[PDB]
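Everything on this sheet refers to the single structure shown next.
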Amino acid sequence: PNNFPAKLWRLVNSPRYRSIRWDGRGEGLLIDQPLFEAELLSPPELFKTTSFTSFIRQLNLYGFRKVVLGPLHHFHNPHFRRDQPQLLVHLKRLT
Amino acid sequence: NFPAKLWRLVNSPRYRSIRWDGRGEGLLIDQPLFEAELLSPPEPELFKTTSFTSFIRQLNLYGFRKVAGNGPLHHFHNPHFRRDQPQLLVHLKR
Amino acid sequence: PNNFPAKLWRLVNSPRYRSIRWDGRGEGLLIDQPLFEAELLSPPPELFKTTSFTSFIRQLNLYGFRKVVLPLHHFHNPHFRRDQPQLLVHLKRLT
DNA sequence: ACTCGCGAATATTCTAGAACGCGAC
DNA sequence: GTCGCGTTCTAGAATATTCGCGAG
């Protein structure tokens, strides 16, 4: 089972999780690290880690990278897109 | 006997801790209530084990897969364990 | 908080953690499961990340602990003995 | 500097292999 | 007497987390 991509989709898409959201084009995600730490690592639900760096490690394992051009983090994956949810099936850890 | 016991348990409102999910395609188990009323002292349906992990082993052995009172809500599902299609129960094998 | 063998040694030897202790001969450990869940699995300095006693059992077996052949659990490992800490070096994960 | 992003060890999660006793034939 | 079942204990394998750090 590939649970992490579906969980990430739920977090990004849901307006409860304000700290992690779609970017303006729906082709990447924006993360406000202080709010993320407060609402998703401190108290879809609830990661086991309290360390934002462990969450970044997961993003990287599933192929997310930072976008190159508020101190928001901006990540992207070709198979993580608002207008093409059917691509989510390709998100996997390497084996 | 286990498929029939599971069917009776999920369908019976007397046993609160194990029930159909919201869409009727899987079962929800409240572990504290299940242990309190179904594996240790609460016609009753009586398991012989007192350990929830052995019940989980039974669920897995018959092909169930993992997919709000106080504690861990477990959510299991099996394509052959179905509210509106009981005739599929014959396909359950250990 | 250090590797599982060192952590377990700390837990078993320290009287602060009442739920996990040496047996009468110092050749196995006794675990009171309700108390262990309350004091070593229930978040509010030695806390495991899991909240599940079954995951702790998985760790015990992974490092070679077995139940003593005749809740209060009694486990033993030939390399985990009160009067021989030098044996701890032989404990390995079965991987 | 300082950040990005991966290697590898450990922990956790979920499921299964196999032994053994018992109940239903 | 004989199997199938239920149970128990331990383990396989995938994921999640942790720790560390090389490259730019």
Side-chain angles (χ1 to χ4, degrees), chain A residues 1-8 28 31 33 40-41 45-69 71-77 91-95, chain B residues 1-6 29 31 38-39 45-67 72 74-78 92-94, chain C residues 1-8 31 33 40-41 46-71 73-77 91-95:
Chain A
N2 226 338
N3 288 355
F4 181 77
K7 170 188 202 162
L8 189 70
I31 295 179
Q33 181 174 339
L40 283 158
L41 308 178
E45 303 295 298
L46 240 146
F47 291 94
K48 281 302 271 233
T49 181
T50 79
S51 144
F52 190 68
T53 63
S54 293
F55 180 72
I56 298 326
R57 189 75 197 86
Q58 278 280 82
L59 289 183
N60 290 332
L61 278 169
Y62 281 90
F64 287 83
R65 276 87 177 272
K66 300 281 214 104
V67 180
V68 174
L69 195 34
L72 313 151
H73 296 281
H74 191 189
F75 287 90
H76 71 273
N77 188 315
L91 296 188
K92 42 199 274 204
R93 286 168 46 108
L94 284 195
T95 51
Chain B
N1 212 24
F2 185 88
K5 286 190 53 113
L6 194 58
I29 297 152
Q31 216 196 309
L38 254 288
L39 304 193
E45 323 220 7
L46 319 96
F47 279 93
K48 206 238 279 205
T49 179
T50 88
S51 162
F52 193 64
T53 83
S54 303
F55 176 49
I56 288 167
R57 187 66 191 98
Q58 279 279 64
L59 282 175
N60 278 336
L61 194 47
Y62 281 120
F64 286 71
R65 279 327 174 240
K66 261 199 153 234
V67 284
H74 310 291
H75 181 28
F76 290 88
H77 102 277
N78 194 327
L92 282 188
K93 295 145 130 291
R94 51 163 43 227
Chain C
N2 237 31
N3 53 107
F4 185 77
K7 177 171 227 205
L8 194 69
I31 306 171
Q33 188 177 339
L40 279 169
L41 290 193
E46 293 273 20
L47 225 231
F48 304 87
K49 306 279 284 332
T50 182
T51 68
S52 158
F53 193 72
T54 62
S55 290
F56 177 70
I57 286 314
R58 184 72 192 88
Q59 280 282 71
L60 287 181
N61 286 328
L62 186 64
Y63 280 92
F65 288 81
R66 302 263 181 100
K67 276 180 187 222
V68 169
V69 164
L70 309 164
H73 315 280
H74 192 187
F75 287 86
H76 77 100
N77 188 313
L91 294 177
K92 337 262 190 63
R93 311 168 83 229
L94 179 60
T95 191

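Order of the sequence lines sets the chain letters (A, B, ...), proteins ahead of strands, with each chain counted from 1. When reading the values below, keep in mind they use all heavy atoms of this one structure, side chains included, and skip hydrogens, waters and symmetry mates.
- Between B/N1 atom CG and E/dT7 atom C1' there is a gap of 15 Å when expressed in whole angstrom units.
- Using the sign of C1'-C2'-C3'-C4' as the criterion, D/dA11 is classed as a south pucker.
- Considering only heavy atoms from C-beta on, A/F47 comes within 4.5 Å of A/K7 through its side chain.
- Along DNA chain D, the nucleotide nearest to A/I56 and the one nearest to B/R65 differ in position, and the one closer to the 5' end is contacted by A/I56.
- The shortest side-chain heavy-atom distance between A/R93 and A/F4 does not fall under the 4.5 Å cut-off.
- E/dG6 atom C1' lies 15 Å from atom CG of B/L46, rounded to whole Å.
- Legend: residues meeting ring-ring contact (aromatic ring centres under 6.0 Å, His included) with C/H76, ordered by chain and number and at least two apart, are absent.
- Separating the NZ atom of A/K92 from the P atom of E/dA14 is a distance of 12 Å, rounded to the nearest angstrom.
- For the atom pair CG (B/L46) and CG (B/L39), the distance works out to 10.5 Å, reported to the nearest 0.5 Å.
- Atom CZ of C/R66 is separated from atom P of E/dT8 by 18 Å (rounded to the nearest Å).
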Enumerate all atom pairs, one protein N or O and one N or O from nucleotides 15-18 of chain E, separated by less than 3.5 Å.
unit_1	atom_1	unit_2	atom_2	d
E/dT15	OP2	A/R93	NE	3.3
E/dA16	OP2	A/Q58	NE2	3.2
E/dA16	OP2	A/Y62	OH	2.6
E/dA16	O5'	A/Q58	NE2	3.4
E/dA16	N7	A/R93	NH1	3.3
E/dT17	OP1	A/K48	N	3.1
E/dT17	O3'	C/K49	NZ	2.9
E/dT18	OP1	C/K49	NZ	3.1
E/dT18	OP2	A/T49	OG1	2.5
E/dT18	OP2	A/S54	OG	2.6

Contacts table for residues 53-66 of chain B: side-chain donor-acceptor under 3.5 angstrom, sequence neighbours left out:
unit_1	atom_1	unit_2	atom_2	d
B/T53	OG1	B/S51	OG	3.1
B/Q58	OE1	B/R94	NH2	3.3

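- Atom CD of B/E45 sits about 10.0 Å away from atom CG of B/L6, to the nearest 0.5 Å.
- If you take NE2 of C/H76 and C1' of E/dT10, they are 12 Å apart, rounded to a whole angstrom.
- As rounded to whole Å, 14 Å separates atom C1' of E/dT7 from atom NZ of B/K5.
- Rounded to a whole Å, the CG atom of B/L59 is 15 Å from the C1' atom of E/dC5.
- Atoms CG (A/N60) and P (E/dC19) sit 17 Å apart, rounded to a whole Å.
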